[PDB]
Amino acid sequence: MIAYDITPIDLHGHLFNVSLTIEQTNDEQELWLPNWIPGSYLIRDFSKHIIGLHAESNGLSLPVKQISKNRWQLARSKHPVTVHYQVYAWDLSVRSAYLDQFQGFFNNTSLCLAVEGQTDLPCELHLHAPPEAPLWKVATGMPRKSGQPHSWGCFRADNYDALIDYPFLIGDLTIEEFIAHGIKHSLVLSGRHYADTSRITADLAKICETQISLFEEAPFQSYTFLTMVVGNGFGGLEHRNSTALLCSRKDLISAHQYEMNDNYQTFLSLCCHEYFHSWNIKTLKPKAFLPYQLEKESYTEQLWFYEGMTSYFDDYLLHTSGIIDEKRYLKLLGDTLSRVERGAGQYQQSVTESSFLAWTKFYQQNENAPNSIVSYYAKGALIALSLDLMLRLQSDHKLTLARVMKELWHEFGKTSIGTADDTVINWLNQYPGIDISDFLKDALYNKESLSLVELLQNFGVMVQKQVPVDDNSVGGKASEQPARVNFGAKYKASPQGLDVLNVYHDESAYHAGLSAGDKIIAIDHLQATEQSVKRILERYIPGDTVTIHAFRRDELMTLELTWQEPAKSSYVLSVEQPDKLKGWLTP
């Protein structure tokens, strides 16, 4: 058994003190730290935050040398060895570790070195109260061995893999418990907020019960939603019996807000997304992740399923559980549809290829993303949408994609068997009464658009495309105010000008020679601002030419731009034939 002692020792310095005790080390024992954390496919080199590491054995300092960016080698010893080090935690995200005088958060991939060769043995973790903040509370899904329930104490994990899958959140925590199908759940909040926890918790109970009913079984015995609340932030990371979320304070509905709003909906969608991951990705997962190799990139083209299906259900289950109506849901659907269809990237990269290169193409994507890559999240979501609709028509509404998820989970998930790249398609190709082979293969390996118009028509859903109100409003929401022209580029407007974020290939901005990073200062010799950009553009029609003045770094460019026929990129979805819904949606 390996023992870990952690103490948030320096709040102002953002430093955790960490001790590791190895009862018996091997000859020239090695210690290593993951270079990436499960669920976030980007090499992050956490080891860089480890500071002043040293070792000791039998009352004497023990020599230890660092042999690589994330690996240490200990001198031989006949006695137990204790390794001491500090960890710098100043990254506000659900991914590494953060610590100041107001709160603390951490993933053990960042704090706990793994003992080479003894990684399958149990790991004990002793969390000591920070001397500077002893009244702080503790929240985590890691099995507790001692201490008051939301306070300091000892925890145990079956092995290193389990250890690094239990994030910790400490501070002046707000904790609201609830139950879904006899299982205990917790909503935990850290940060300034005005959340009506009873109401949010009541909605989570609904979402959660819907999911447990869906799989007809839960892979955990309790679940905790660890939430950091800031002014402007988004993000979440799934775990076997918990999730770490970073959300905006405006997303947590207050006691004085009766109706549902887009922000609170985004939060519920996020929670629904991480929760679903409990089955999809935490238990049911690709074989390449059984076990995880955390020293280097681990390639798999299956994220179209593990992220795609989840990206379809996080919103859909919100309507299915009765949190949002079909109007809100279809707006979200149109948003997704519009995003996938917006750029040329869909014709440059297949969805499986995108999953495979998540480590570079996706996680290290830049301004040219819409022109060169496709989202395995968004397109995977549309694939899921297609399968759900196709399976329903082919089985006369007896087989839903939800049902398929349940079954796939019991077969390959609950059993820890794992899925190979072709498992899901073959599983469907050998399912009595349904054939989706040609469709799925093209959806998965070709670089073209998917046909959902006909599919949605069969369920009474009408699809109409139109020009968004502006370059930054590609939604699934109509507007009596469609634009006649547009840059074919996203931008951030302010009194100082329009900061260009993305330039779409072969469109207006592109031909004029504008680039991401440039700052448009004037259009047709008129000051361009947040206030004036739309007024200025309601004066042109395709074919008109104007001069654009913009700065590239500190150089002022005088460019000529001719407004093209703008793309009808907003896919607005609406139900026109209710009786054709057949239960997919509730009017």
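Numbering starts at 1 and runs along the sequence shown.
Exercise. Taking the mean of the C-alpha B-factors per stretch from the entry, tell me the winner out of 439-447 and 224-232.
Key: The stretch with the larger mean CA B-factor is 439-447.
Quiz item: Averaged over C-alpha atoms, is the B-factor higher for 387-395 or for 133-141 in this PDB entry?
Solution: That would be 387-395.
Exercise. Would you mind finding, among 174, 372, 466, 151, the residue with the largest C-alpha temperature factor in the entry?
Key: Going by the entry's C-alpha B-factors, 466 comes out highest.
Quiz item: Which one of 353, 251, 217, 274 shows the top CA temperature factor in the record?
Solution: When the deposited C-alpha B-factors of 353, 251, 217, 274 are compared, 217 is largest.
Exercise. Classify residue 521 as lowest, middle or highest third according to the C-alpha B-factor given in the PDB entry, relative to its own chain.
Key: Its C-alpha B-factor belongs to the lowest third of this chain's values.
Quiz item: Where does residue 538 sit by CA temperature factor within its chain: lowest, middle or highest third?
Solution: Answer is highest: the recorded C-alpha B-factor places it there.
Quiz item: Lowest, middle or highest third of the chain for the C-alpha temperature factor of residue 120?
Solution: Residue 120: CA B-factor falls in the highest third of its chain.
Practice problem: Select lowest, middle or highest to describe the third in which the CA B-factor of residue 487 falls within its chain in this entry. | Solution: Middle third, going by the recorded CA B-factors of the chain.
Self-check item: Relative C-alpha B-factor of residue 16, binned into the chain's lowest, middle or highest third
Solution: Residue 16: CA B-factor falls in the lowest third of its chain.
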